[PDB]
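Protein chains in written order, with PDB author numbering: chain I, 212 to 277; chain C, 212 to 277; chain J, 222 to 268; chain D, 222 to 268; chain G, 1 to 228, 236 to 268; chain H, 2 to 44, 57 to 139, 149 to 228, 235 to 270; chain A, 1 to 228, 236 to 268; chain B, 2 to 44, 57 to 139, 149 to 228, 235 to 270.
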Amino acid sequence: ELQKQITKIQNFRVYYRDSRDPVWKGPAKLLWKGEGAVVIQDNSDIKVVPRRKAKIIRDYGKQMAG
Amino acid sequence: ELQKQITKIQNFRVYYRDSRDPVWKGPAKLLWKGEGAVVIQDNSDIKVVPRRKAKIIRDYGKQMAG
Amino acid sequence: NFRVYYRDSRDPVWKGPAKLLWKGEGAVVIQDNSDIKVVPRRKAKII
Amino acid sequence: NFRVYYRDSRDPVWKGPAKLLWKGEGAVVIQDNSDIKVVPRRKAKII
Amino acid sequence: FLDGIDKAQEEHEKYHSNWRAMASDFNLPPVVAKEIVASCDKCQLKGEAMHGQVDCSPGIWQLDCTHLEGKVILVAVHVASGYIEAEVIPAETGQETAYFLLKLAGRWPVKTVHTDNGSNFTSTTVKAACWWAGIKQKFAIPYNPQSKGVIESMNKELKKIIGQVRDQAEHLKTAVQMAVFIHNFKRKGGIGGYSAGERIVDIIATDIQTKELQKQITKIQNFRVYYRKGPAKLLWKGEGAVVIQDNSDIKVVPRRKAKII
Amino acid sequence: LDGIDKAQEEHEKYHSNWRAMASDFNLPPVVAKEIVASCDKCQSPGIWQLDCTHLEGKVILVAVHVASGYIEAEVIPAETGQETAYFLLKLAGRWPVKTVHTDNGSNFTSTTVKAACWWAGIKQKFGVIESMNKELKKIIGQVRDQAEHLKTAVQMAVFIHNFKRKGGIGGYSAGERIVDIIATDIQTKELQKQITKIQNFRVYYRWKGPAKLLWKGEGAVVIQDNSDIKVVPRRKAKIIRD
Amino acid sequence: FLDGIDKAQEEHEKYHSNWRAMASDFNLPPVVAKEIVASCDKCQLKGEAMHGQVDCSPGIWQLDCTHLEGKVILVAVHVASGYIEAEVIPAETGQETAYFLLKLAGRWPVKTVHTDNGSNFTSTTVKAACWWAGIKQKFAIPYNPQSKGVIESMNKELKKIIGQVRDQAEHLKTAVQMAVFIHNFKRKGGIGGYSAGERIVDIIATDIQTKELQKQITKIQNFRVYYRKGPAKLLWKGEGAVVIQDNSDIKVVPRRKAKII
Amino acid sequence: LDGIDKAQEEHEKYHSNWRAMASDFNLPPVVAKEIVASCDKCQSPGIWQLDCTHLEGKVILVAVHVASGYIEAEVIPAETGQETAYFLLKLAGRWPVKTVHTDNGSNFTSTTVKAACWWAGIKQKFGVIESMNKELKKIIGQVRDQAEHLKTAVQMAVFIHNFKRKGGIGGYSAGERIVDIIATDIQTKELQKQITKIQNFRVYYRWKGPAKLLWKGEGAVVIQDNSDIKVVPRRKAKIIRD
DNA sequence: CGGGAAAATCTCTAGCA
DNA sequence: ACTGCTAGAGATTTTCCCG
DNA sequence: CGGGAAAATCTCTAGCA
DNA sequence: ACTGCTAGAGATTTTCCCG
Ligand SMILES: Nc1c(C(=O)NCc2ccc(F)cc2F)c(=O)n(O)c2ncc(CCCCCCO)cc12
Ligand SMILES: Nc1c(C(=O)NCc2ccc(F)cc2F)c(=O)n(O)c2ncc(CCCCCCO)cc12
Ligand SMILES: [Mg+2]
Ligand SMILES: [Mg+2]
Ligand SMILES: [Mg+2]
Ligand SMILES: [Mg+2]
Ligand SMILES: [Zn+2]
Ligand SMILES: [Zn+2]
């Protein structure tokens, strides 16, 4: 039930930016998706990012490679 | 004789740049001055810099502070 | 309170001081003589 | 030998290939149809 | 410093010297010299050296008009993916822009558009089209092209591709469509190593899938978490950390000093 | 890795596709595809269909995505090959279009349309369109009073059909369905790409006979030898190209 | 890859796809796709993303003309120090530029000037003035203002200062001289925390002093050093390192594997 | 640090300035100045002198740096206060000009010149100029044939005088001398600045009576107490502001 | 583990009126 | 109350590959 | 050694047609 | 064969200062 959906959501990759950094940070793991905020985990670091600074994909090249 | 002149020459400060770096490197110590090249020492590192990339001063604020 | 000195519309001159009404990331909202303007923070200085 | 593709004088178009006669830091000297040009390396690509 | 300060103030009123000069020439602390400069309106001529960041939400589109060979090309870009749409139009008219936008809204899920303040984009016809299509309008700060930097860059990119294929088409409209095709499906890069079309499909499908998944999870997972405070709704937990939403303020706390009911 | 044996047993019992088994048993999709395609007993997104209709003396060119019901319709000045070629080039630039079905009309068989298809890499072949045209005409009749011109009403109808009309198995709309179908097509193309990369390799493990390569990941190396999938560590295997 | 390569070449001839796209869509190594792109003249539309560095020798001056309030201001800058000279002139004439340059050469040790290719700077009168004053002329690459970036920046700076003091002067020439004064002696910063005038005095005095010191040292210190080679002239030694000049090629060697006679 | 005692002995024996002793005994210039100025028995760069001359019906305005012999001369349209003010503002912007000596002429005593001096911070006061004018006229006569106009000949003469004429104690030129003198003036101003910063401090060492501060460097703290300069480590001293 | 080649990431720039 | 970016040419660092 | 305030260094941008 | 830079507004890191 819940655990399968949870793992499915963590299967999504997130590219984000910070307030003053113009470089997009690498593909963090998605944990929660809200209306205006997204909760991600980037190398054992949990961050909360505004929706306006987050691109959430799946990366199909990679899903199909493992 | 020679040693006094040598120390006097090392008393001069050099600000230099490298070929691909747009940032001027800090005040290295001047060791030799040539027609087109300058030999400097920057933190126990001896470098040879083209004359076109070297600003040699004395820094009078500092000579007069020690 | 803050003093804002800005540059609004293709005018190379700088104006101010103006009352800072709002501050965001990359833009500010100011009031200069009962006229509210929105200026990118690149073209503004807040003191 | 090298192929140089450049941009010389206020022309947004890119020309080339040309023979690279000389390479320096920040500029190159090339020959395009018996015409020698000096182009900043910002406006040139060498292959 | 009273004497030195008063001397420095007159010196600045004459010369508008910077804080370093007055500190050196009147034996002033850097704070006092900086205060002297900061109190002169004639020296406030520079803004802070940063940049903002445009909105990148999945429903965000940036629209602009560019000019090529004496003709007008109306271009939209999906900011999240870089997927472009472009059409050559007879004139920079409000009805033409409204028709373009109605087409775009009927073909893709457009929730808001970001345009500059050109006359066509500010027309009442475009406003009515946006109202009918349920599109919000965000207008950039006037004379600030950076506010729509994405589309601006795309403009350049689009024109570049046109310059590569102009000989393959006799009209400009056909070359514009060729360039749109090439950008959307023949250029690969970006976050996923994608094309723009692949990336936009991924972005939209991911939005739908994540929405449905989170809806089901919040339907099943139902807990209230106390920490350190009120009954914050549970959002996520694990690995010694719990993310909660207390009074519409999402925050991360360690698993220690936290109870879940 | 560990779940290959369970996956083969599950496939033998139910003949399930690779996606379900790859999701259930945490296997890379290449291995799941291999065990799906190793049993002889267990053995669209790019096709659009176009037609020109008429309403109020205006010819409307309509393309339908067959798999999803997605529509792209616009009013063209005249039923001419040039307008059809422009419409098709636009559609190919907006969506992945591979095959187009037409009705041997004068415009669709023109040299301009053929040249456009050749440039865009679209294949030309000569009942969904009739029902879709009927639904589009119904929607246009419903929203005609909201627009002065026919082109705007057509675009409003396209908007309503693609995003404001919901039905089917899951109660989705046509736009949602087309995005899902194209995402699946992207996944299929990526999987085929990876199979193409790894089909040219040969693995010698433990040395035994040549074997095809399936996976080379973080844990170990998964290969297939004599219709039997095995897993071996790196140092116990040698991967070469033939 | 022969089949995939030939397919990719036709695909590129149609669409000019980048190496990533053809590698992804024809199963090509990145080297082969990059070679396919690199062999198409229609895709060579970008230069390398770097910058050069202007000459900063002590005798280097950069000259330019700027325009303010319908009048012409001829500006020179000493690149090493940032010390400026400026004069308002009736017209952008060759004789006016030659007179300005003769004044500059008579007031400071000018060894060469770096100007763009404006008509006044390329005039025969300026050439004769430079020949009489012993000044070499280095002309920038045409339509490349960055080649004289220093003076360009100074232009902006100079104008800024004029904008600060324009009310203190009724003519523009007086305000220009006020701005020159303020820049040269009332603005502090740079390498030595200096003003431009202090820095130029330091640069020139240091050049003279270092020249005389090195002349005396080379007069006294006279040795030949062998390393690893021929009798390289000794330049400097100490701290386990010896800097020598072998066949007009200055090089640093460790004290080990080196003999001094 | 260690050389203070030797420096005082050397000063008592020869009454040498601080620069020589600071160079010889490696002391900071503040300490050398202090021991130079502590003996009662041991007790220009900004002054320019201007005049208007006449040649070929043209008035040439000449400023001389008295200390060095450096000249700035140019042909002005008329012997008027406005031209003099413009010339002086230019000179003040090009060199550090503090005092100007004139000859009570109509132009030099004008309100425009006074206002220019007030803005530029130049003091006005009312034989070198005569000799300098003679030398300038001689050089102009020598190089007149090389220029059609008088202004160009004047500038050529200024060039020759400032850089191509060498003489004096060291065989230098006027430009070299003026750069040396201004560099020395910069050093003097910096030393005075530092003395001004450190004269407002009081040091209590070992605690003993209040002492003035001389140096606070890398090694230790050098102070003066009861006309006797001492050196103490940081933790054995306390520096405060009064 | 040692290099070595290939991939990946980082740096930086023009052009977008 | 809104907001520079994007894609390519090199340069430098990481990673995979076999012994 | 521990913070804390002041200085110094680093980052980054507009304007120079 | 020639060549972006400069100065100011913040931000972050180093250094001096006293216990
Ligand atoms: N100057 C315009 C630019 C433009 O300078 N680009 C270059 C450009 C420069 C920097 C950058 F970071 C991005 C860029 F792109 C541009 O791109 N577009 O689109 C424009 N469109 C409309 C109008 C005029 C609007 C009518 C008056 C409205 C007043 O409220 C002006 C422009
Ligand atoms: N465009 C000129 C600029 C100029 O764009 N500045 C802005 C500018 C932009 C970028 C930069 F990095 C530095 C800059 F300053 C400039 O500054 N000056 O001085 C110029 N001077 C003369 C001529 C025309 C020369 C006559 C034709 C010669 C052909 O051989 C053009 C220019
Ligand atoms: Mg626009
Ligand atoms: Mg634009
Ligand atoms: Mg110029
Ligand atoms: Mg210029
Ligand atoms: Zn001021
Ligand atoms: Zn190409």
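In this text, a Cβ means the ideal position worked out from N, Cα and C, and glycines have one as well.
**Prompt:** So, are the CB atoms of H:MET178 and G:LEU74 less than 8 Å apart?
**Reply:** Reading the sixth sequence from its first residue, position 156 is the one you call residue 178 of chain H. Reading the fifth sequence from its first residue, position 74 is the one you call residue 74 of chain G. Inclusion of H:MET178 and G:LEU74 in the CB contact set at 8 Å is not warranted, their separation being larger than that value.
**Message:** Spatial neighbours of H:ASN184 within its chain, please: C-beta separation below 7 Å, excluding the five flanking residues on both sides.
**Reply:** The residue labelled residue 184 of chain H in the question sits at position 162 within the sixth sequence. By the criterion of a C-beta distance shorter than 7 Å, H:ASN184 is surrounded in its chain by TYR83, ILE84, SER195, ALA196 and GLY197, once the five residues flanking it on both sides are discounted.
**Prompt:** Of all the CB atoms in chain C, is at least one closer than 8 Å to the CB of A:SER57?
**Reply:** Taking the seventh sequence and counting its residues from 1, one reaches residue 57 of chain A at position 57. Closer than 8 Å to some Cβ of chain C, the Cβ of A:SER57 qualifies, so yes.
**Request:** Work out the CA separation of G:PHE26 and G:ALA8 for me, nearest whole Å.
**Result:** Translated into the one-based positions of the fifth sequence, residue 8 of chain G becomes position 8. Translated into the one-based positions of the fifth sequence, residue 26 of chain G becomes position 26. Whole-angstrom Cα-Cα distance: 6 Å.
**Prompt:** Would a check of beta-carbon distances place G:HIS78 closer than 8 Å to chain J?
**Reply:** On the fifth sequence, position 78 is the one that residue 78 of chain G refers to. Chain J places no beta carbon closer than 8 Å to that of G:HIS78, leaving this residue out of the contacts.
**Prompt:** Roughly how many angstroms lie between the CA atoms of A:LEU45 and D:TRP235, to the nearest whole one?
**Reply:** Taking the seventh sequence and counting its residues from 1, one reaches residue 45 of chain A at position 45. Taking the fourth sequence and counting its residues from 1, one reaches residue 235 of chain D at position 14. If I take the Cα positions, the gap works out to 6 Å.
**Message:** Can you pull the chain H neighbours of G:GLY82, defined as C-beta to C-beta under 8 Å?
**Reply:** Taking the fifth sequence and counting its residues from 1, one reaches residue 82 of chain G at position 82. Chain H residues near G:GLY82: none, gap ~14 Å exceeds 8 Å.
**Request:** Check each residue's C-beta against every heavy atom of ligand 8 and list, in chain order, those closer than 5 Å.
**Result:** Output, sorted by chain position: A:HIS16, A:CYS40, A:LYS42 and A:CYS43.
**Request:** For G:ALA33, decide whether its Cβ has a neighbour in chain J, counting only Cβ atoms nearer than 8 Å.
**Result:** Mapped onto the fifth sequence, residue 33 of chain G falls at position 33. It does not; no Cβ of chain J falls within 8 Å.
**Message:** Residues around ligand 2, please: the condition is that the C-beta lies closer than 6 Å to some non-hydrogen atom of it.
**Reply:** If you measure from each CB to the nearest heavy atom of ligand 2, the residues under 6 Å come out as A:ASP64, A:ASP116, A:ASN117, A:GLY118, A:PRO142, A:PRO145, A:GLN146, A:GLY149 and A:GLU152.
**Message:** Does C:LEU242 pass the burial test, meaning 16 or more other C-beta atoms within 10 Å, or should it be called exposed?
**Reply:** Here the question's residue 242 of chain C lines up with position 31 in the second sequence. Around the C-beta of C:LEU242, 16 or more other C-beta atoms lie within 10 Å, and the residue is accordingly described as buried.
**Request:** With a threshold of 16 other CB atoms inside 10 Å of the CB of G:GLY52, please say whether the residue is buried or exposed.
**Result:** For this step, residue 52 of chain G is matched to residue 52 along the fifth sequence. The residue in question, G:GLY52, is buried, as its Cβ has 16 or more Cβ neighbours within 10 Å.
**Item:** Residues sharing a beta bridge with B:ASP64, DSSP
**Value:** The residue you call residue 64 of chain B lines up with position 51 of the eighth sequence. Per the DSSP secondary-structure output, B:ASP64 pairs in a beta bridge with B:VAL75.
**Request:** Check distances from the C-beta atoms of the stretch 253-277 of chain C to those of chain B and list, in chain order, the residues that come in under 9 Å.
**Result:** Those residues of the stretch 253-277 of chain C that come within reach of chain B (Cβ to Cβ, closer than 9 Å) are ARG269, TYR271, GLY272, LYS273, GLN274, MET275, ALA276 and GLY277.
**Request:** Spell out a yes or no on whether the stretch 253-272 of chain C and the stretch 237-256 of chain J are touching, meaning 3 or more CB-CB pairs, one atom from each, closer than 8 Å.
**Result:** The answer is no - the stretch 237-256 of chain J does not touch the stretch 253-272 of chain C, with fewer than three Cβ pairs under 8 Å.
**Closer than 8 Å at the beta carbon, the chain B residues around A:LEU102** = Locating residue 102 of chain A in the seventh sequence gives position 102, where the first residue counts as 1. Correct list: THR174, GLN177, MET178 and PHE181.
**Asked** Residues of chain C with CB under 9 Å from A:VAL250, in chain order?
**Response** Here residue 250 of chain A refers to the residue found at position 243 when the seventh sequence is read from its first residue. Within chain C, the residues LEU242, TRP243, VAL250, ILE257 and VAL259 have their CB atoms less than 9 Å from the CB of A:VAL250, given in chain order.
**Request:** Using a Cβ cut-off of 8 Å (strictly closer), state whether A:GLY118 contacts chain D.
**Result:** The residue given as residue 118 of chain A occupies position 118 in the seventh sequence. With a threshold of 8 Å between beta carbons, A:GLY118 makes no contact with chain D.
**Prompt:** At a Cβ threshold of 8 Å, is A:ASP41 touching chain D?
**Reply:** Position 41 of the seventh sequence, counted from the start, is the residue given in the question as residue 41 of chain A. Any Cβ of chain D closer than 8 Å to the Cβ of A:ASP41 would place that residue at the interface, and such an atom is present.
**Prompt:** Would a check of beta-carbon distances place H:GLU212 closer than 8 Å to chain I?
**Reply:** As a first step, residue 212 of chain H must be located in the sixth sequence, where it is residue number 190. Cβ-Cβ to chain I under 8 Å: yes for H:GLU212.
**Prompt:** What residues in its chain sit with their C-beta under 8 Å from that of D:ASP229, if we drop five residues either side in the sequence?
**Reply:** Numbered from its first residue, the fourth sequence carries residue 229 of chain D at position 8. Closer than 8 Å at the Cβ level, and outside the excluded window around D:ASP229, lie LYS236, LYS258, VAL260 and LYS264.
**Prompt:** If you run the structure through DSSP and keep just helix, strand and coil, what is H:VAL113?
**Reply:** One-based indexing of the sixth sequence puts residue 113 of chain H at position 100. DSSP places H:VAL113 in strand when its eight states are reduced to three.
**Message:** Taking the straight line between their C-alpha atoms, what separation do you get for I:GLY272 and H:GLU212?
**Reply:** For the purposes of this step, residue 272 of chain I is identified with residue 61 of the first sequence, where counting begins at 1. For the purposes of this step, residue 212 of chain H is identified with residue 190 of the sixth sequence, where counting begins at 1. Distance between the alpha carbons of I:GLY272 and H:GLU212 is about 6 Å.
**Message:** Under 8 Å: do the stretch 123-135 of chain B and the stretch 95-110 of chain B share three or more Cβ pairs, one atom per stretch?
**Reply:** Counting Cβ pairs under 8 Å, three or more are found: they touch.
**Same chain, Cβ closer than 8 Å to B:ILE36, five either side skipped, listed in chain order** = Locating residue 36 of chain B in the eighth sequence gives position 35, counting from the first residue. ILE5, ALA8, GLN9, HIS12, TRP19, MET22 and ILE257, listed in sequence order.
**Item:** Per-residue contacts from I:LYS219 into chain G (C-beta, under 7 Å)
**Value:** Position 8 of the first sequence, counted from the start, is the residue given in the question as residue 219 of chain I. Near I:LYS219 (Cβ distances below 7 Å), the residues of chain G are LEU213.
**Prompt:** Would you say A:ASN155 touches ligand 6, meaning its beta carbon is less than 7 Å from a heavy atom?
**Reply:** Stepping through the seventh sequence from its first residue, residue 155 of chain A is reached at position 155. Yes, the beta carbon of A:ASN155 sits closer than 7 Å to at least one heavy atom of ligand 6.
**Through-space distance from A:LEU158 to A:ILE203, alpha-carbon basis** = For the purposes of this step, residue 203 of chain A is taken as the residue at position 203 of the seventh sequence. For the purposes of this step, residue 158 of chain A is taken as the residue at position 158 of the seventh sequence. Spanning the two alpha carbons is a distance of roughly 22 Å.
**Prompt:** For chain H, is any of its Cβ atoms less than 8 Å away from the one on G:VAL150?
**Reply:** Translated into positions along the fifth sequence, residue 150 of chain G becomes position 150. Answer no: the Cβ-Cβ gap between G:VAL150 and chain H never drops below 8 Å.
**Item:** From I:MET275, I:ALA248, I:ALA239 and I:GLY277, residue whose alpha carbon lies closest to that of I:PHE223
**Value:** As a position in the first sequence, residue 223 of chain I is number 12, starting the count at 1. Ranking the options by Cα distance to I:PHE223, first place goes to I:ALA239.
**Message:** Following a CB-centred definition, is G:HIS12 positioned closer than 7 Å to any heavy atom of ligand 7?
**Reply:** Start at 1 with the first residue of the fifth sequence, and residue 12 of chain G comes out as number 12. At least one heavy atom of ligand 7 is nearer than 7 Å to the Cβ of G:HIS12, so yes.
**Prompt:** For the stretch 239-266 of chain C, which segments carrying the beta strand (DSSP E) assignment without a break, of at least 3 residues, lie completely within its bounds, in sequence order?
**Reply:** Qualifying beta strand (DSSP E) stretches, in chain order: 248-252 and 257-261.
**Item:** Residues that G:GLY134 contacts on chain I, provided the C-beta gap is smaller than 7 Å
**Value:** Along the fifth sequence, one-based indexing puts residue 134 of chain G at 134. By Cβ distance, chain I contributes nothing, its closest Cβ being about 17 Å from G:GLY134, past 7 Å.
**Request:** Apply the 10 Å Cβ neighbour rule to G:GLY192 and answer buried if 16 or more other Cβ atoms are within range, or exposed otherwise.
**Result:** Here residue 192 of chain G is taken as the residue at index 192 of the fifth sequence, counted from 1. Buried, by the Cβ-count rule.
**Prompt:** Straight-line CA distance for H:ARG107 to H:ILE217?
**Reply:** Against the sixth sequence, residue 107 of chain H aligns to sequence position 94. Against the sixth sequence, residue 217 of chain H aligns to sequence position 195. Answer to the nearest angstrom: the Cα atoms are 28 Å apart.
**Item:** Span of the alpha helix (DSSP H), counted from its first residue to its last, around B:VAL32
**Value:** Here residue 32 of chain B refers to the residue found at position 31 of the eighth sequence. The continuous alpha helix (DSSP H) containing B:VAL32 extends over residues 30-38.
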